[PDB]
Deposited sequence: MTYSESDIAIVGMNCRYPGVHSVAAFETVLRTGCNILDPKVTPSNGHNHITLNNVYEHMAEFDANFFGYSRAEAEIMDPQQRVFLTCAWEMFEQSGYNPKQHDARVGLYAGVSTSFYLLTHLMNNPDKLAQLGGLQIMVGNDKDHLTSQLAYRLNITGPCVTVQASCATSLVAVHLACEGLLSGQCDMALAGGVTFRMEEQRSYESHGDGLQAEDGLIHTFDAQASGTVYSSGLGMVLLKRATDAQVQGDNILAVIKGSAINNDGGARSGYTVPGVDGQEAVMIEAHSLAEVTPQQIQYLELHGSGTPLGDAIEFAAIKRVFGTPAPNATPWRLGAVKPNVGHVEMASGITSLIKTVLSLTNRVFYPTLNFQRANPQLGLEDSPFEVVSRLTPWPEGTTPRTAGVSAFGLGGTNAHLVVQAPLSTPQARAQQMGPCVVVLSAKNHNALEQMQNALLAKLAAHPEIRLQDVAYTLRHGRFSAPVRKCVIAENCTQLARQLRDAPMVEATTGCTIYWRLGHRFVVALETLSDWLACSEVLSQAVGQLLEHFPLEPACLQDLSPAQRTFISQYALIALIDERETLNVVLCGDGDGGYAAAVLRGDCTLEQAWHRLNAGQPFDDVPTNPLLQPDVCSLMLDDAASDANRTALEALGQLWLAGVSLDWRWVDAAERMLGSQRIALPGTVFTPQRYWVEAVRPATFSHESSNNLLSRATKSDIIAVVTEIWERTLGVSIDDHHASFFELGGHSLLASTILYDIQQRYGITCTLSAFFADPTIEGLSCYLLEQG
């Protein structure tokens, strides 16, 4: 079985919370069932003064330098935007995608809280408030820019939309992303949200309203639910069409089957009140679009605000949508993330979604905290529902592991997802040992060193990581920085000693590329066919020589070694010259001379072709010759020394020369930022 046409694959995630600096770490919070807010309640004038760990300490830090910001620009730029950017770049790398260069169209769908940095900090520094130009202050803080910045810095030209929808924002984004994928507007999309609280917002005063918790604890669905608790947080995911992700060497974490967004409309007691009708509606719609009955969903990731009324309503809407299960079917499992990491105004939804994805991949229901006793008004006990309060393994059913994710925003804008485990990967992967081109790059040697050591460290830690993957990932999923290092290895072990002994090369732009064409250079049918398959211009010119367009593997096999030399030789240098006319000198040997004369431009292709069939020869250094080493290998090294010399390659070239089948994008170490503090203080 393969993925459904409407199936959106999650191929990347990233998140930040106070003291939680990686998805991996977040997972740990969920697993160990930790509450990062660590609240502190002080009775205060009949109310409760509550202090939290709800501010993302590191917000001030940024590699302004790396992202091309002046220190000033960085200081007025909203932390939210900065950290979001950093995180995007990271996630892209971790998902095996070169942040600044994109084969396919990329969409940006994301939202952000108001810039309390602006409101509290910037606006209380009358100096920097004007000395750096109001317009730029706006560029630094107006929500609109969140996406536009990322689109600049990651050179993204797809749909680019800052989406805003109170608490639902992140999931609304996710939805609009799926939409933009399925519509075709983009081919891969980043969707997410970010909400940072300033230090001034660490505390809060509890009024007894039932909106904010009296005890600083989100007692989702618990009898003691007194309200919610707001925190800093950031979340994002990388989505693409499952059908594509399957064959594009993506690690499909999970699949959004269907999504929906709506509003409670006027079916509520007042603007800021949830609407059973609406939540019901959205869930129904989503489940419909994901073509799933409630019975086929095992888990639901609640909004779980911790507000008595909100919880009460949400659950009502749930009961309505789910109804009764098949006799003796296990109850529906309910969970909530907000107890763990607080309510993250914008990045709530995506947080829940991430929690879910982790729940799926790890095949566990993670505990929902502060749940000591179901709230009477839910009547959960009699219901076929139960809140998860212990790490418990996600049992396997006759249908896929499947969960629903709800984000119900203040103001009544709602979003719902159906998320499903991915297809089990039938991996009879006869991992082929063979030469692989491993490449690292950085902005300076010192970084490259660190990258090197980090990678080696990873490989050493995970001996099961296979080279095909590494080599691939380090090509497609990383940007070609100016300081480079390239190695051809047979295995991750060997690699260490090579990498270390290998030289670091700063691209010296615009040198002479010298080409020695040897007698024989017979590269593999696959390689040549893939190479030619990279350019219409070639495929035609060759199609005419072979009297057979389009070109087909067999078609090439008929060619004599002596010919395939000429053709292979030509093809490569022609691809290079096409992508970038650089200073290319040539020099041929026997069967090489022919190609050499063509590429030089002494004659036309067919001219030499006929002359080669007639046997009428002609009279940074690279060579192309079986004699020296396996043609294919000679090609890899050839390309490598090119890249080192600072030529721009289409990695497909290398991929085709490697012929590594079933290679995979993997999460490796990546860009090494050294960020500084960029912060404006409020002048008292």
The deposited sequence goes unmodelled at 620-631, 697-787
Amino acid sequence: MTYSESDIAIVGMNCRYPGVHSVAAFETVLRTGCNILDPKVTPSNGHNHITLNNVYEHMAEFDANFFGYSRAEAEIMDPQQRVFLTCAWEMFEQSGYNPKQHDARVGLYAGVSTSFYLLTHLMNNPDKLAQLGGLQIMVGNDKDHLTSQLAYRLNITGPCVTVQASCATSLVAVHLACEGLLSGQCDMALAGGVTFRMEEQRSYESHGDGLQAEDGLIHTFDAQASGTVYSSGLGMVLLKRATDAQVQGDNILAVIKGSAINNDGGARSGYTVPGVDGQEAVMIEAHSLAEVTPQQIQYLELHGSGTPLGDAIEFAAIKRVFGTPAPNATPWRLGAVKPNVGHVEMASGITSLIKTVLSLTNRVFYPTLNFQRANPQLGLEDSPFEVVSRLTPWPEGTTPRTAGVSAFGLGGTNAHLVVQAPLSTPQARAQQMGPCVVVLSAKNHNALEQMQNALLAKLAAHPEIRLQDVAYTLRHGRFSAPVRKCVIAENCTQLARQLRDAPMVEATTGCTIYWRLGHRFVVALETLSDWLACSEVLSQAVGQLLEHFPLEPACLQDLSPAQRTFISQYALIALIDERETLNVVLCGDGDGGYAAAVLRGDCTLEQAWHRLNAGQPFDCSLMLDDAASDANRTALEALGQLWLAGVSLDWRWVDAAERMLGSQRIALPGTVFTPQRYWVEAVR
From here on, numbers count along this sequence of modelled residues.
Quick note on 234-242 and 205-213: per-entry mean CA temperature factor is higher in 205-213
The stretch carrying the higher mean Cα B factor in the deposited entry, 169-177 or 287-295, is 287-295
Top Cα B-factor in this entry, restricted to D382, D222, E345, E301, sits on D382
For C603, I156, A403, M77, the deposited C-alpha B-factor is largest at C603
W651: CA B-factor among chain residues, third -> middle
In terms of its chain's C-alpha B-factors, the third that includes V337 is the lowest
Quick tally, chain-level thirds of C-alpha B-factors: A635 sits in the highest
Quick tally, chain-level thirds of C-alpha B-factors: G33 sits in the middle
Here the Cα B-factor of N54, set against its chain, lands in the third termed lowest
